[PDB]
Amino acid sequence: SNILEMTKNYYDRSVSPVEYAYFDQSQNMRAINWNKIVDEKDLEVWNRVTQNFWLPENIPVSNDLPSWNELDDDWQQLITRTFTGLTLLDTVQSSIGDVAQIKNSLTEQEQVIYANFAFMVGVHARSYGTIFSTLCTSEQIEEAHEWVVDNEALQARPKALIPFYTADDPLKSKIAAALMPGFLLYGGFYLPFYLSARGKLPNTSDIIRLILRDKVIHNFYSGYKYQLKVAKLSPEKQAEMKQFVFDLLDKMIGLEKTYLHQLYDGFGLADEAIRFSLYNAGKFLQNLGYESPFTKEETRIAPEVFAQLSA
């Protein structure tokens, strides 16, 4: 009788609203408690992403018009197409991926952080529109949208990830959520950094660096939460989930290579864009707590391009 509980704390006999909504209606709901934080990492991430709030109106893209006008119609078309492709991936992540993570949160604050991610990835998608409004003709903008809809190699990539978001396996959904910021857009981000290394569209690369300042935290955070959940599996199911991560990444690399060859082969950027992509595939695995199986040679980035990425 030394250990009898006469006073049960409110937290352990209540559920967050999203748990009440989708999982269990047998207990009453608790309001989020920002005064007693379960995981200090959540407060650190919340503070950084909110402090890093930006809008594309903040960047004078109109100052890129001189260097934009130096590029021929084929280069301008490549940039508009590439960025409309990245707009599609951001639309998938903002409208499906991030908000699917909310109900699978380990902590109250994580629910609010994924709401921030959904909004800020929406700002990322909106940023390409700001660039197009300033630089592109109406014809270039409409052509790029037509090209995205009709590009099967482009479409294959989000079509591969969306099922994990809409299915009922929260760990597979979390892996998909990490793979988007961790890997899938870097093939596209190569192009603006290739150009800004040569002094072309520098203001556009400032927008890409603001996008990446968010995406690196998104990848870190989803990877961190993945590691906390996978640690709660049996060693058998742990090894099983690791194999799934490597199998899914192997598949997505296959689809990304096909798309980047189609996108870039005509411009001689395919090989370097794929190396840049695999460098980030390595970082993605590291943020899930795994070792990168990729060689120095097959992840090689030109110093002038790496300088644009890390700035």
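Superpose the two forms; the largest set of C-alphas matching within 1.5 Å is the rigid core. For every residue, the number given is its place in the sequence shown, counted from 1.
- Relative to the displayed structure, the C-alphas of 258-266 lie farther away on average in 9 other deposited structures of this protein than those of the other candidate, with 271-279 and 258-266 compared after rigid core superposition.
- The mean C-alpha temperature factor is higher for 146-154 when 146-154 and 83-91 are set side by side.
- In this crystal structure, the stretch out of 47-55 and 251-259 whose C-alpha atoms carry the higher mean B factor is 251-259.
- Annotation for 214, 98, 108, 240: 240 ranks highest, by Cα B-factor.
- Placement of the Cα temperature factor of residue 34 within the chain: lowest third of the modelled residues, per the deposited record.
- In the PDB entry, residue 218 places in the lowest third of its chain by CA B-factor.
- Sort the modelled residues of the chain by CA B factor and residue 126 lands in the lowest third.
- When the CA B factors of the chain's modelled residues are split into thirds, the value for residue 140 lands in the lowest one.
- Ranked by Cα temperature factor within the chain, residue 16 sits in the lowest third according to the deposited record.
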